[PDB]
C-alpha cells in the first residue's frame, strides 16, 4: 500500500501552456517545481466595461476588476521574463531553470488527497499519480501544492482547434477530488477550421471574410445573407451557428470558404501564408472553395477558484483555461485569456509562497493499484467509445442546442459512464483509457450545466429558450450534492 514516492517537489504544475510555464517561473524563484507536460514542451474602466458586455451580463464584476486592475503590471512581468513568441520565451526559460524539472510525455492520473491516507487535519492535496508514457507505469509524486494548468475541454467535441491541450483532464481530476465546476456550457467555437484529412487543425482567419470571402453551401449558394443582413461579416458566434445549421440540416460534411471571385494578386498579397499552406495540401485559394467546419476552441467555464486561484480543495489551485474565475461570464473577450492566466498566476504564487512553510512533507504515499486486467479486444472498444463521445457532443451539446438534444446527450453519457465502470475497472492504465475517462466525465458536467440554463445567453444558444432571463448568474455544479 504505502511507499516512498518516486517523485517529490514543492509545487507540481500539471500542464505546460502559457499559464503553467509562467507560473512555474514565478514559483521556481523560491521552490522546487515539477511541470508535467503531456507532450513535448485603453483604460482600466473601458476594459472592464468591454469585458462585462462581452460576458453578456453574468461576469463576476469583482473578478473583472481584479484582472483589469492588475493586467498591466502582470504583462510587464511577462515581458521582463524575456519576451506565439511568448511560448518560445516561456518554453526556453522553463527548460533552463535550475528549480524546474519538466517531465514530458507524462499524464496525471488523479490527485492524492490527505484524508484517504489517514493524514490528520482538513483534507488537502498531497500529490498525484502520474502515468509515465515511456515507462508505461504509474508513479507517485509527492507535492506540497498542486496547480492545475491543463487547458480547456474542447476535445469533448469531434472538431477542435487545439486537441493536444484540451482533454479536460484538469477539470475531471478536480471534480473527482471534490471541487465545484461552473459555466461549462459556455464553449467558444471557431467558425472556419479547415476540413481536410491533413489539415492538422489549420484555421481560416475571419480576415478572409473581412476581405470579401463568401461562405457557400455544397451546391455553391451563399447562406449567410439568408440569416443575417451582415452576411459573412456577422459576428463569429452567428457565423458558427449558421454553419452548424446548414451542415446538420443538409447532412453535409462541411461548408466552403471561397475568395476566388477576387483577383489572384489581391488574394496572394493579403494572405500569403494561407495561400501557401493550402496549395501544399492541393487547394488553390485563387480558384476553388476551401472546405471548412466549425471547431471547438475555448472553454469559458471550468474549476471554480477564488482570487488566489484556490480550488475548493486545500493545496489545489487552478489557473488559465481550466479555471472558472468569473472573468468571462457567458463569452470570451480576446485578450482576457492571457491576462487571466497572468493575474491569477501571480496571486496563486503569492498564496502558495505564504502557505508553504506550514506544509510538512509526507514520506510515504499510497501506491497505484496493480491494475493488471487486459483484454486486447476490449482495449479496442475504448477507441470506439472515444469517437462516440466526441460525435454525440457535437450533435447534442453543440453549437445549436435544444432540450431534447441535451436529454439524448445525458442518456448516452450516463450509459458510457456505467460501461466504463463495468468493463474497464482495474484495466491497465493507458493514455486512451485516461482520456476516455476524463472526456466522458467532463462531458457529463458540460451537459448538466447546459441543461440548467433555461435561456440563451452568450455562447449558450438553445432553440427552446431564445430570450435572456432578466436575472441570471453562473451555472455551478457541486460533486458533494
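Residue numbers count along the first chain shown, from 1.
Gap check for residue 83 to residue 84: 10 or more deposited residues are absent from the model. Counting the deposited residues that fall between residue 41 and residue 42 and carry no coordinates gives a value of 10 or more. When the two stretches 328-336 and 214-222 are set side by side, the higher mean Cα temperature factor goes to 214-222.
The PDB entry records a higher mean C-alpha B factor for 45-53 than for its counterpart among 60-68 and 45-53. Residue-level inspection of the entry shows that, of 312, 377, 265, 407, 265 has the top Cα B-factor. The top Cα temperature factor in the record, among 111, 399, 319, 257, falls on 257. In the PDB entry, a CA B factor belonging to the middle third of its chain's modelled residues is recorded for residue 101. In the deposited entry, the Cα temperature factor of residue 481 places it in the highest third of its chain's modelled residues.
The entry lists a Cα temperature factor for residue 447 that places it in the lowest third of the chain's modelled residues. In the deposited entry, the Cα temperature factor of residue 91 sits in the middle third of values across the chain's modelled residues. Ranked against the other modelled residues of its chain, the C-alpha B-factor of residue 429 as given in the entry falls in the highest third.
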